[PDB]
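Coordinate inspection notes
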Amino acid sequence: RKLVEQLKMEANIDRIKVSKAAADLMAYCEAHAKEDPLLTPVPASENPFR
Amino acid sequence: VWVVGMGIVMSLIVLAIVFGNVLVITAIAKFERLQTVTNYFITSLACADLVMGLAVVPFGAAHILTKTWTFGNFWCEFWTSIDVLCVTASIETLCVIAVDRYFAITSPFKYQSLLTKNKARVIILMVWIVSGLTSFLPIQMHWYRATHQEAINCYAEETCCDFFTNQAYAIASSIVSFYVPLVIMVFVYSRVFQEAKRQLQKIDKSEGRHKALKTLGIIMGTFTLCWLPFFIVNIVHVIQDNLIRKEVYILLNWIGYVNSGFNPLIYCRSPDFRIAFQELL
Amino acid sequence: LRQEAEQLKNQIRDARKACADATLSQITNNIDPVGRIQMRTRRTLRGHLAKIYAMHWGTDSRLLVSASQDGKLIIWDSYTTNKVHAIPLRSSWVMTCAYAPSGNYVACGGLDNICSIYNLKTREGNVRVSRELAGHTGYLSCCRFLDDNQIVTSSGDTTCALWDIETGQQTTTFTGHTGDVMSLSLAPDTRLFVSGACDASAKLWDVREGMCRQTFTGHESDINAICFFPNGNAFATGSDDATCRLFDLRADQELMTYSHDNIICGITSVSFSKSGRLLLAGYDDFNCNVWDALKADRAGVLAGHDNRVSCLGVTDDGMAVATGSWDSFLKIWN
Amino acid sequence: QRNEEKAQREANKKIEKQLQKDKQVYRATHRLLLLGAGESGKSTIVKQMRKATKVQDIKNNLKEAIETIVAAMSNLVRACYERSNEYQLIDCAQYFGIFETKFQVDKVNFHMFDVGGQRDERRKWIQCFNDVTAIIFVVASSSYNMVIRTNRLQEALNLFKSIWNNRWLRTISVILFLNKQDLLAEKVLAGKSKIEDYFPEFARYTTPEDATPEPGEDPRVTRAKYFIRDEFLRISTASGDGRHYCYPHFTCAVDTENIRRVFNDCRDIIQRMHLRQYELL
Ligand SMILES: CN[C@@H]1CCc2c(ccc(O)c2O)[C@H]1O
């Protein structure tokens, strides 16, 4: 029924190699790593908690 | 060398009591899961046992090992009063725990409303106040002092400090501390055992395909065997002076002391308590 | 009919396999490990009467909203650990809650069909329900806000719906899940979202189009939690199965899986950090876990709660991770 | 900035006071659950445990649904009542969300919850019912022959087995009700449908040595009822570890004693939970 048509429509989509996507995600994570206060310990004065 | 073994035994008993009560209190206070309305009585009993094992047990051991008591008269009176307060508080707290279990089992629907954190703290405060009233007040004002010639020089002398008591205070202290809680505990445990037997019979009848007796036996017999002889000789030596000697009195009193160390071992037996002990240690 | 569907599924599987050149672990094998991280609670919250199942951080890094089975949805200030609002609920059973991006509205789900939206900022400081969303024909599981007017809900009727607050009727209905949908997470651009059902299939929806663009059904057991990567091109799915998997939108396939031998329990909530390096995941066991996204290696464990952790939350500023559990007490971790 | 903090703290205090006041009521009340098929008879128990034109319209809608069920049976390969056992599931029709019930017994406030799901095959929302005192399982014991395109009773046993063995409902007991006792008696007395025809174990099954039959029950009816009860109890106690128990009950279509039975069952459940918590059973 409509499920077959929906699956056929979903199958026809552009695909980007997993290597490129993984490299882009890793690059974003490395570039924005310093902004995260969880990875780098928060200074006591700057920490809103305690 | 004979007293060396007695000193070692006393030190071991004091250390065991202190360590057990400290561990029980730390487990009860550190983890919020163990914090419960019914656990407040348990931690009160643990605090009383810790206080007794810290104050009365070491000073009593020092008095036993060395005959001379080097501290002042006022300090020895304070030590005796602390001993009485701790013993009375421990027995009253055991009675209150038994009463709480009886209310929880016999009256399950009304137990939730009857018992609350404020109610539990009020009960604990009343227990400690009534323990202090029967310990601090009659001892500091010298109401328990004897009238006969003996022990008057002991009261005057700094070295001698022994538990010599008139007729009135012994019976009243026994009734306030042990005898009434004994009767209350026996009644509220017989009722609970009857309820447990009824429930087991119902289970057996409903489904074709013991522990209560052993648990009640442990809980009642440990306390009774540890404390009843001491209070019975407390009544006796006033009823008949020549019957009771000093050594029997001291050994029975120390058995009552070590009951405090035995108490958390048989009371803090819940699986949650075991998990807390494993995590802490 | 079935033959064509089977052939199309085989073709899409072959295309996904062909698009798989190098795995994420192979590429990031030379990256520096995050290392052990010491996360300890700074302020522990309390006040609830029963088990909470969900919570949501505010747009500001201060306020919280949490709902429990006592029937009370109470708003908290995480900086001072003092309650701001206490909103009683018509239904004693709830399954989710949400916080408006502007902060003026709070919406909660429930085991009943009805979804309720409450007014926070009103005259004289009175809390009241603005609208009662109806007609979803199933127990609701999640709620998120696109804006102050649009809300997307997920229920047990295997359908996700997009509602309009003013009209009170769902604008668009999403269908395609064999099992019931449990969790969803919006995109930073508020134009895409994904949903994890009970059939292990996590599908991606387009709010404007109303049709599932992609479908990721690479999991084994039912999905209990889901959340976007901060970039918006990836998302991680929690499940009753111990494994936690990170999918991809541009690659259309799974990249990494997070499984350990010791953990045999389920997963209830998953949330990334601000940078996405750390993947926090609550577990059916009393402890949660922290995973290195680019290395699939655990970098910590937090066993603060005494019951099963049901909800996770990371602030928009990324300051602290707040985790609740079936124990009434909440804990803010930093 | 101090004034804002003070006002917010005062608001916190007021909210906490109101929250404690509501927590008292929440702890006072108890929670229960209704569970079973639509044809099991949960509506009959709800009426027993607790707009005339609207009622007549509902009756007309039920008659229309009966006609639709007759048409559905005609799709399959007074005369339709004999074949209605294997036909589509429908109401009796022989005349020719969530539901919350709040009732109190002996000044104890109970609160009742209905399943509300007709086709909740996954039934995974059941994990949220862990604060309930008991689960009232309602099943029609007379549905041993009405098959669903396995017998309905076998489906009930499968549902009960899945519910009993749950990673979350381990501490939750189950109250069990068996409606259609008169219907079961009528169906077993007649030879149209035999228990051994669909349940082979009944041929080798014998009546229990210890059983309590009503004065107006034939031996065959008692044998069938006790066989069903024994099967349910076996499924319950096969994996039981003493944490939770099943309470079978033989109830008729109309009976006012159900509320008292639920009260007694809940009291026994609370008593046994308290006994096991303290390790006295
Ligand atoms: C010397 N130690 C005292 C003496 C008598 C006594 C004790 C405790 C509780 C009482 O009610 C008593 O009468 C003992 O701890």
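Counting of residues begins from 1 for each chain and follows its sequence as written, which need not mirror the entry numbering; any residue without coordinates is not displayed. Just so you know, chain letters begin at A and ligand numbers begin at 1, following the order they were written in. Side-chain figures throughout are based on the complete set of non-hydrogen atoms in the structure, without hydrogens or water. Residues with missing side-chain atoms are left out of burial classes, side-chain pairs and their counts.

Its PDB record attributes the structure to cryo-EM, giving the resolution as 3.5 Å.

Just so we agree on the cut-off: UniProt positions are given in the numbering used here, feature names are shortened, and annotations may be inferred rather than shown by experiment.
Identification of chain D as Guanine nucleotide-binding protein G(s) subunit alpha isoforms short from Homo sapiens is taken from the PDB entry. Looking at the PDB record, one finds the entry titled "CryoEM structure of beta-2-adrenergic receptor in complex with nucleotide-free Gs heterotrimer (#14 of 20)". As its UniProt record puts it under Catalytic activity, chain D is described as follows: "GTP + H2O = GDP + phosphate + H(+)". Its UniProt record, at the heading Sequence similarities, says of chain D: "Belongs to the G-alpha family. G(s) subfamily."

As recorded in the PDB entry, chain B goes by the name Beta-2 adrenergic receptor, listed as coming from Homo sapiens. The Sequence similarities comment attached to chain B in UniProt states, word for word, "Belongs to the G-protein coupled receptor 1 family. Adrenergic receptor subfamily. ADRB2 sub-subfamily."

**Digging into the pattern of salt bridges**
Applied cut-off: When a carboxyl oxygen of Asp or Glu lies within 4 Å of a side-chain nitrogen of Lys or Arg, that pair is called a salt bridge. Helix and strand assignments come from DSSP, with helices taken as H or I runs of at least 4 residues and strands as E runs of at least 2, each series counted from the N terminus.
Linking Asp222(C) and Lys124(D) is a salt bridge whose minimum nitrogen-to-oxygen distance equals 2.6 Å. Note that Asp222(C) is positioned in the loop between β17 (212-216) and β18 (223-228) and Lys124(D) in the loop between β3 (108-114) and β4 (134-140), a pairing that runs across two chains. A single salt-bridge network, built from bridges that share partners, covers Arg15(A), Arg16(C) and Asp252(C).

**Re the pairing of strand β5 (residues 82-88) of chain C**
Under the convention used in this document: Pairs of strands are assigned from DSSP output, requiring at least two bridges between the strands.
As judged from the six bridges shared by strand β4 (residues 72-77) of chain C and β5(C), these two strands associate in the antiparallel manner. Its bridge partner being in β5(C), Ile74(C) is matched across the sheet by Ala86(C).

**Quick look at the packing of helix α5 (residues 181-189) of chain D against helix α8 (residues 219-237) of chain D**
A pair of packed helices is captured by two measures, namely the crossing angle of their axes and the spacing between those axes. Residues and elements named next belong to chain D. Note the threshold: Geometry is summarised by axes, namely lines fitted to C-alpha atoms with helices restricted to the contacting stretch, and by angles between N-to-C directions that run from 0 to 180 degrees. Note on terminology: angles under 35 degrees are roughly parallel, angles over 145 are roughly antiparallel, angles of 65 to 115 are roughly perpendicular, and the others are oblique. It is the rotation of the near helix from the far one that decides the hand of a crossing: anticlockwise by less than a right angle makes it left-handed, clockwise makes it right-handed. Residue contacts are defined here by distance: any two heavy atoms, one from each residue, within 4.5 Å place the two residues in contact. For this scheme, ten residues count as nonpolar: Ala, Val, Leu, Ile, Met, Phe, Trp, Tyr, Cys and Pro. Four count as charged, namely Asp, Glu, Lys and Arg, and the remainder, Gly too, count as polar.
Following both chains from N to C, one finds α5 and α8 inclined at 120°, their axes separated by 9 Å at the closest point. One way to sum up the angle between α5 and α8 is to call them oblique. Crossing of α5 against α8: the hand is right-handed. Residues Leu184, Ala185, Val188 and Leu189 of α5 pack against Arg220, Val221, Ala224, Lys225 and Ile228 of α8. Across the contact of α5 with α8, the residue classes break down as seven nonpolar, no polar and two charged.

**Describing the arrangement of the chains**
The assembly contains four pairs of chains in contact; the pair sharing the most contacts is chains A and C. Structurally, chain A and chain D remain out of contact, their C-alpha atoms never closer than 16 Å.

**A word on the interface of chain A and chain C**
It is common to report an interface's size as the accessible area lost on association of the parts. On the side of chain C, 45 residues touch chain A, which itself brings 27 residues to the contact. Going through the elements one at a time, α1 (2-11) and α2 (18-31) of chain A are the ones with two or more residues in the side of chain A that touches chain C. Per element, the largest residue contribution to the side of chain A that touches chain C is nine residues, and it comes from α2(A).

**Quick notes on the state of the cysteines**
Disulfides are covalent bonds that connect the sulfur atoms of two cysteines. Residue and element names in this part refer to chain B. Put simply, the rule is: Pairs of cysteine sulfur atoms within 2.5 Å are identified as disulfides in what follows.
The disulfide that involves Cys76 links it to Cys161, with 2.0 Å between the sulfurs. Around the S-S axis, the bridge from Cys76 to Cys161 shows a dihedral of about -100° and counts as left-handed. Here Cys161 lies in the loop between α7 (152-156) and α8 (167-206) and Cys76 lies in helix α3 (residues 73-106), a separation of 85 residues in the sequence. A sulfur-sulfur separation of 2.0 Å characterises the disulfide bridge that pairs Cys154 with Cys160. Between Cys154 and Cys160 the sulfur-sulfur dihedral comes to about -90°; the bridge is accordingly left-handed. Looking at chain B, its bonded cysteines, counted consecutively from the start of the sequence, adopt the pairing 1-4, 2-3.

**Digging into the sheet that holds strand β14 (residues 181-186) of chain C**
Residue and element names in this part refer to chain C. Reading across the sheet, the four strands line up as β14-β15-β16-β17 and stay open at both edges, with antiparallel pairing between neighbours. Taken across any chain shown, the strands that pair with only one partner, and hence form the sheet edges, are β14 and β17. Looking at each pair of strands side by side, their axes are set apart by 20° on average, direction ignored. Bridge count between strand β16 (residues 202-206) and β17: four bridges; the pairing is antiparallel. Each bridged residue has a counterpart across the sheet, and for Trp205 the counterpart in β17 is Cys212.

**Some details on the packing of aromatic side chains**
For clarity, the threshold we go by: Any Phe, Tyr or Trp ring, taking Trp's six-membered ring, that has another such ring centre within 6.5 Å forms a pair; planes under 30 degrees apart are called stacked, those over 60 apart edge-to-face, and the others tilted. Ring-over charges, as used throughout, are those where CZ of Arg or NZ of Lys falls within 6 Å of the ring centre and within 35 degrees of the ring normal.
Between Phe109(B) and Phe110(D) the ring centres are 5.8 Å apart and the planes differ by 85°, which places this aromatic pair in the edge-to-face class. Of this pair, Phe109(B) sits in the loop between α3 and α4 (111-114) while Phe110(D) sits in strand β3, each in a different chain. The rings of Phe163(B), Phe178(B), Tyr179(B), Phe223(B), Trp227(B), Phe230(B), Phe231(B) and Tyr249(B) are connected pair by pair, giving a single aromatic cluster. Here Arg101(B) stacks its cationic end above the ring of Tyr267(B), 5.5 Å away from the centre of that ring. Sitting over the ring of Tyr278(D), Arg101(B) keeps its end group 5.3 Å from the ring centre.

**What to know about the environment of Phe59(B)**
Residue and element names in this part refer to chain B. Among the structural elements, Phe59 can be located in helix α2 (residues 37-65). Residues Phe59 and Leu125, spaced 66 residues apart in sequence, show a C-alpha to C-alpha distance of 27 Å. The contact partners of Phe59, leaving out residues within four places of it in the chain, are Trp69, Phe71 and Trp79.

**Notes on the UniProt feature "transmembrane region" in chain B**
Following the UniProt record, the feature "transmembrane region" maps to residues 5-28, 42-65, 77-99, 121-144, 167-190, 216-239 and 247-270 of chain B here. Secondary structure within residues 216-239 of chain B divides into 100% helix and 0% strand; the distance between the first and last C-alpha atoms comes to 32 Å.

**A look at the UniProt feature "disulfide bond" in chain B**
Look at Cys76(B) and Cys161(B): UniProt has them disulfide-bonded, and their sulfurs are 2.0 Å apart, which fits a closed bridge. Disulfide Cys154(B)/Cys160(B) (UniProt): S-S 2.0 Å, present in this structure.

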